[PDB]
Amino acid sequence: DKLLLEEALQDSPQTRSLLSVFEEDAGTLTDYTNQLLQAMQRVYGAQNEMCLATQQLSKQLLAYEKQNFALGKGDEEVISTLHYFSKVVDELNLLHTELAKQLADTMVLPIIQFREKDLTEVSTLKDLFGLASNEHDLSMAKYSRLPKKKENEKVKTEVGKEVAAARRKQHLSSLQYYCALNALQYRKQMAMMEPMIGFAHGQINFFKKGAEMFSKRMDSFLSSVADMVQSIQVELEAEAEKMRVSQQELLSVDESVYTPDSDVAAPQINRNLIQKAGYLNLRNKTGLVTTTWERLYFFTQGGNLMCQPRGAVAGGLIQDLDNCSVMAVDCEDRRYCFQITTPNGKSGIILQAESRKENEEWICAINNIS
């Protein structure tokens, strides 16, 4: 039913009953609008975080080219592909943003505005109706208590005036409140139908522009990218098993290749070597007693002996070999040591090999170079 404004002034308990009903599901309405608000804000928040997510993805795809480092220039196949993808992601981001702003404008905030001033208007009007009611009740009480037998007409007429005023004010407040509730009955419907429409529009534009964005053209492009990807794959496994059997016959050799001084029983020595490279132990003696040995790479280039430590980008010249001499020596009871003596005849640097053959071949190489 509806609240009858013309029955407001009488203020019968039945009127109060219908009013109480209206108030009770007014409260119900308020609670549900709170819940709905939470739901809407969660939807909007979700859309927003999707926006941020796509933004981040786009920024990340672009960062790949900005990436640098040691092998070379990154392929411009993937650079172009990633650039394109970043662009697409940006467009999708635009769509998501528009949807988010649509939810905010046409869905969440209409419910919100309904809550703030339609619902608080009802609340406030209710509270003024309440206080006016209380005041009127008090007025009627002190009117009722007026004396019959001995009458002060002034006190009586003024009290009557209080009562009249309070009654008028409550009547007006009651009219306003009842009108407010009767209005609220329709305004509930409007308040919950508007966001539905807004949400619907946001969704249809989002999905239509999304459908336009990812076309048959885009999917042909994706097909091309896919074909590039499996070409890359087929070349990957081809080179993979090529590397597999290259691996499995380099890794299959006889023991002696890994065994130091394999040859020792009958070493096979090339005495005409003009060039040699390999690991040797370099002795460093800076005192008269204390000595260290360091495993370093040594190689001959031209007429020079070069020394590169492992982990170093470049090797340096350790000695010029062309008018120097070299001979097997004994140092610290170590096997296969030989020494280079400098042109002026001073005994020079001391080196150590791991085998008879590498010792003799080193010596012969240096002698030949000289």
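Start at 1 and count along the sequence shown; that's the residue number.
Taking the mean C-alpha B-factor of each stretch as recorded, 87 to 95 and 69 to 77 are not equal, and the higher mean is that of 69 to 77. The stretch with the higher mean CA B factor, choosing between 278 to 286 and 128 to 136, is 128 to 136.
Within the group 225, 251, 119, 180, the record's highest C-alpha temperature factor is found at 251.
The entry assigns its greatest Cα B factor, within the set 173, 203, 152, 185, to 152. Per the PDB record, residue ranking by Cα B-factor puts residue 332 in the lowest third of the chain. Residue 55: CA B factor in the lowest third of modelled residues in this chain (values from the PDB entry).
In the deposited entry, the Cα temperature factor of residue 301 places it in the highest third of its chain's modelled residues. The PDB entry assigns residue 344 a C-alpha temperature factor belonging to the highest third of its chain's modelled residues. Split the chain's modelled residues into thirds by C-alpha temperature factor. Residue 47 is in the lowest one.
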